[PDB]
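Student: this one's experimental. Sequence and coordinates below.
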Amino acid sequence: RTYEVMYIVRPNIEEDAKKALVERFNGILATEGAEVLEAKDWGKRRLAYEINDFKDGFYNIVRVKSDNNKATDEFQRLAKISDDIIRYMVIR
Amino acid sequence: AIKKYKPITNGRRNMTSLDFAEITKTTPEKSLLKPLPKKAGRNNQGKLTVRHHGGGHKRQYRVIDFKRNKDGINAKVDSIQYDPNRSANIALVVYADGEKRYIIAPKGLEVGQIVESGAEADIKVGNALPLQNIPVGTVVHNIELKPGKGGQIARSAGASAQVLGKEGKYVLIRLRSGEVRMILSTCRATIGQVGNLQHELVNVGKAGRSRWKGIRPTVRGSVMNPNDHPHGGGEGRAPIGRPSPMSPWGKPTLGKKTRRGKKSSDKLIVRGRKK
Amino acid sequence: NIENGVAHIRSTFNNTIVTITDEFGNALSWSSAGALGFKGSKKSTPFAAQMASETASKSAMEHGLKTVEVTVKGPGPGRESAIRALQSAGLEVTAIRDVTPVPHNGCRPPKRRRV
Amino acid sequence: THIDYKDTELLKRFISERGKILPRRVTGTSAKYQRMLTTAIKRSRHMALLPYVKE
Amino acid sequence: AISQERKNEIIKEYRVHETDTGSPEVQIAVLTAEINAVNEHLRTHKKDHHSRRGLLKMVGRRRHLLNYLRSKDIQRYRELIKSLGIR
RNA sequence: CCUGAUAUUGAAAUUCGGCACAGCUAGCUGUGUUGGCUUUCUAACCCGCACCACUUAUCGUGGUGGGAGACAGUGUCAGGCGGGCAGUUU
RNA sequence: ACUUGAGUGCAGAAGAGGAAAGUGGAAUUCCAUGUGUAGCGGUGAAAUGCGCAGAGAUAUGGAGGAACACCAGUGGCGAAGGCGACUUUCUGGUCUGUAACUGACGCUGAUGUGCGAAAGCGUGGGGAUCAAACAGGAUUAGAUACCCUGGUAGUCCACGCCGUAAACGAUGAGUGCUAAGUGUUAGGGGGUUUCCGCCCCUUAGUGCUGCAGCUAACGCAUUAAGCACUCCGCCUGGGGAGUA
Ligand SMILES: [Mg+2]
Ligand SMILES: [Mg+2]
C-alpha cells in the first residue's frame, strides 16, 4: 500500500554530506519493489520548539509505495545508528 | 528453560536441571583443546591457599578468542557447543579464511557476523567494534579494559553492560553491578547480551552434584575450639561474643571495606556500588 | 553593573517569597514573609506580602536595576497584591508571567483528605 | 481541508493561551470532523509543526 | 483475516453445486480458511482473549451447519468431512 | 595495614592566606619575602600494556609505539589503630 | 416444493475492541557547580523534623520510573469485568442499502467448559509519586483515631494461580405487540444535494417528558415494572447462619 516517511534532519550536515544521507535513506526507503510516489522536501525550516537544542532543521519527505509489509523497519533501525536525524515519523 | 524432576527419591526431591536445547554438535573440535590439570589451592609451594576446592570431574580447556582480530572478514556461525569451564555457552565461527575459532555466544545467534573497527561494522548481535564507534544506549558485553589486551569485563552467563555517554577522551559504561566507570575509547565491545539466561535457577538439589563440580564442605566457625577460629568453643552453643564477626585470620568480615588507594581507579570510578 | 533583571515572587497560601535576581537567576536579594517577622498565621494574611516585595526592590536598586519581568505562582492570595508593591518601591514592571507547574496528567496527587 | 495534517489551518483556529485545543462548542465544528482534526494535531505536535506549550 | 480477492477462490474448489455463494458446502469451507488462520495468530499471541471468544463462536456455528448436513444427504455429508480433514 | 614530613623530583601557570605595613583613605591598593590549594603540559620513574628481534621459549633483557604521569612504588623519621602473635604478673 | 426467520456474497462507513514492537511531550524525586543566604515548611493553634557544615528560593545539568493535560461532551465500543498520547504489522464483532445464494439450517440451555474490578499469594526484574504496617509532635481526661513532616509489603511489567463485590438498570434470555412530543451519534431515502443551510422520510443504538394499562405506594410507561408464548435460575417469618 501507500506509505509516507518523514524525517527532520539536524542542520550543518548538508553542505557536503547532502545526498550522502538522503540518497542512502531513499536507497533504503525505496527498495523491495518500490517505485515511489514522490521524493521531495519542505526545506530548512522553522521548528515550533527546541529538539536537542536545535531551533531549525531540514525537512525531507519520502512517500513510498510497496506491497511488502514490514520491509521498512530497516529505516526504523537505521535511524538509530545514524545520529544525523533528530526526529522522524511513518504514517499509513 | 529448566526441566524439573519428580520426587522418586529423597535426593531428587526438589532438584531442578537445565535443559540443553540450545546445544548443537555435541562433540568438540579436536584442534582447539588444551589440557587442564587441576589443583585444589595448591600453589608453587604445595601448601593450601584458598579453601574448599578439588576433585570432581576431569575437564579440558577450550581455547577462546577474546581478542576479536581478523578485521573485515565475514564469519559464519556453525554450531553452538557446551563449555564446562564457564557459565556461558560457546560458538564455533568460521572465518572465510577457514580459520575455525570460538566465540562466547550472545543471546540469539545462528546467522553470520563481522568484526571490523569502523568500516560499517554492522551493529547487530555478535559484532565487535570499538567504543568510539558505538552509539549511546547500546547493550554491550565482553568489553576490553586496556587497549588491545583482550575482553575482560562482563563475560558471565546473562551479563551485560550499557554505554551511557562520551566524555572528553574516555567513554562512560554502566556495569552489571551498578557502577558507572570510564573506559578508554579504543576498547572493543561485542554488541548484545550473553546467552544461557536461565542459569541461576538450577537448584542443585543434592550434596553430591554440588560436590563433583569441585567443591568441598565448609565447616562453620562456632564449632571449632579456639585454636583455629576466633569463634571458639565455649560450653554448649554460644553467641559469638565479639563486637564484630571475624574471618579465620582476625580481620572483621561483616561490614568493613577492603580495597586500597589504587592507581587509575580513583579518577575513573564516578559512582560506587549499589548493594 | 546590572541594567535589567527578573523579579520572582512566589506566594503559596502558607508563605510568601520574593527573589529578585539577574537574568541567569543570580540572587541579588530575597525577601520572604518569614524574613520580616511574620511568625504565625500572618503568612496567610495578604497584608504581609505587600511589604515583603519592597525589601527586595531597594536591595536590588543599589545593585543597579530598571526593568524586570515578574514570574508568580500561588494557590493562595497575594499573587497580585504584592506585584504592585514593586511599583510602590520604585521599580519599573512591564511584563507579567504566570508560570505554574500544571502537569500533563501524571504522578498521582496526595490523598490525605478523608471525606 | 479537514483531512491532512501538513497545513497551517490547524495553527490558525485552535489555540487559546498554551496551544490547548478549543472545544467543539466554542469554535463551531462538527462531530465527525473533530476526530479527523484531533489526532491529526497529535501527529502535528510530534513533528514540531505546532507547540505543546507556546508561551 | 482473509481478503475478498482470495476468499472467492475458497468457494470455487468446493462447488459441488453451481453458482451458490451460500450453501451447506461453501461457507463451511470459508470458515475453515479462517480457523486455520485465526489459530495461527493464536499460536503466536496468547494474552488476548477477545479473539478467543470469536474463535469459540465460529466453530459452534459450523457444528450446526454440519449437523444439518448430516440430516439431508448421505454421501455429501461424508464428502465434506473427507475433503478438508475437518470432522 | 592507615596517615603526614622530607629524598629520588623537573618546567608552566592561575588564584588564595600568613609576614613584610610597600600606597597612606575596621578595610581598601600594590610591591621586595613565606606557606598552601588546585590546573595543565613531558624529561625521569611505572605498566601481570600491543606487534618486533635475540630464539621454530605466553621467563627475561633490547627496540618505535599506546596508557598513566612528578601522584604511585621505595629509603629514613614521626603519629594512630593492632589478643593476628609474643614475653610475664594475678 | 415454498422464503418473512437465521447464514454467507457483493456496495459502504464509525470506533478508547484486543495483542506485540517502537516513539514523543509536560510535572514529581535524587545526585554536579554558582549567585545567594537566615529561614523553609506545616497549621484551629502549633510543632516533630530538614537548615546555618550554606537548606528552600534560584538557573543550566543529567539520572531514572510512572501516568497520558487541552480534544473529553449526553459521544463511542465490547456479552460482561472494562477500554481515552501517537505511528506501525497482525486480529474479533456489530451496523446501513440490499439485485445474488442453497431453503427452517431455530430459541432456551440441568452438568461441562472459558474469560473475572481491586486486594491477596508464588518464582524473577525494576522501584520516581502516592502510601496499610510502623516510629514521631500536638489536638484528647485517654487517641492506630481525624490533623502534620517521615516511612516498608504493595502500586508497574513478564509468567503461573485464587475466583469474590452495592460484579446494579438492585429489572435472565428469545419473538410479536399496543396515544404521542423533544434531543443526540454513526448511516440510507425527495430536491438546483445552498455543507454542518434546510425541511421531507425511513431504520438502528442512545437520554429526557408523558395517555390506556399495571402497581401496596413510590413509579414504570416502545430501551415497560402493559397485554401474551417458550425455556432456565431462585424464594416460603426474624435471629441462630452462609455458621457446623
Ligand atoms: Mg597471651
Ligand atoms: Mg491486579
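Tutor: Here it is on my side, so go on. Numbering: from 1, shown residues only, chains lettered A, B, ... in the order given. Ligands and ions are numbered 1, 2, ... in the order given.
Student: contacting residues for the residue in the stretch 1-150 of chain B positioned nearest to chain D?
Tutor: Closest to chain D within the stretch 1-150 of chain B is residue B:137: 20.3 Å, counting by CB to the nearest CB. Placement of C-beta: from N, CA and C, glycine included. Residues near residue B:137 by CB atoms under 8 Å, 6 or more residues apart in numbering or on different chains: B:162, B:163.
Student: what about it, which helix or strand?
Tutor: Under DSSP states H and E, no helix or strand contains residue B:137.
Student: next, work out how far apart it and residue B:45 are.
Tutor: To residue B:45, residue B:137 is 50 Å away according to CB to CB, to the nearest Å.
Student: ok, now residue B:125?
Tutor: As judged by CB to CB, residue B:125 and residue B:45 stand 46 Å apart.
Student: now residue B:259
Tutor: Per CB to CB, residue B:259 is found 27 Å from residue B:45.
Student: next one: residue B:221
Tutor: As judged by CB to CB, residue B:221 and residue B:45 stand 26 Å apart.
Student: more neighbours: those two, which one.
Tutor: Ranked by neighbour count (other CB atoms under 10 Å in any protein chain shown), residue B:221 and residue B:45 place residue B:221 first, with 16 against 7.
Student: for that one, give me phi and psi.
Tutor: With angles defined as degrees, to the nearest 10, residue B:221 sits at phi -80, psi -30.
Student: give me the neighbour count for the residue nearest to it when sequence neighbours are not counted.
Tutor: Excluding the flanking residues, the one nearest residue B:221 by CB to CB, 6 or more residues apart in numbering or on different chains is residue B:231, at 3.9 Å. For residue B:231, the number of neighbouring residues by other CB under 10 Å comes to 19.
Student: measure residue B:231 to residue B:253 for me?
Tutor: Distance of residue B:231 to residue B:253, given as CB to CB: 11 Å.
Student: identify the contacts common to the two.
Tutor: Taking CB under 8 Å, 6+ apart as the contact rule, residue B:231 and residue B:253 both touch B:245, B:246.
Student: can you tell me who residue B:113 pairs with across the strands?
Tutor: residue B:75 (DSSP bridges).
Student: what does residue A:88 give?
Tutor: Applying DSSP bridges to residue A:88, the residues it is bridged with are residue A:7.
Student: please look at it and residue A:10 and confirm they touch.
Tutor: No - if you go by CB atoms under 8 Å, residue A:88 and residue A:10 don't touch, sitting 11.5 Å apart.
Student: close to RNA strand F: what parts of chain E are there?
Tutor: Selection of chain E residues close to RNA strand F by CB under 7 Å from any atom of the strand yields an empty set.
Student: and the helices in chain E?
Tutor: Counting by DSSP state H, chain E has helices at residues E:7-12, E:26-41, E:51-70, E:74-84.
Student: if you look at the longest one, does any of it touch RNA strand G?
Tutor: Yes - between helix E:51-70 and RNA strand G, judged by CB under 7 Å from any atom of the strand, the touching residues are E:51, E:52, E:53, E:54, E:57, E:58, E:61, E:64, E:65, E:68.
Student: just the buried ones among the residues you listed, please.
Tutor: Buried by 16 or more other CB atoms under 10 Å in any protein chain shown: nothing, out of those.
Student: can you tell me how far residue D:40 sits from residue C:83?
Tutor: For residue D:40 relative to residue C:83 (CB to CB), the value is 40 Å.
Student: rewinding a little: go through the helices of chain E and name the closest to residue B:19.
Tutor: Across those, residue B:19 has its closest neighbour in helix E:26-41 (25.8 Å, CB to CB).
Student: could you give the angle of that closest one to helix E:51-70?
Tutor: 150 degrees (axes from the mean of the first three to the mean of the last three CA atoms, to 10 degrees).
Student: can you give me the angle helix E:26-41 makes with helix E:74-84?
Tutor: 30 degrees.
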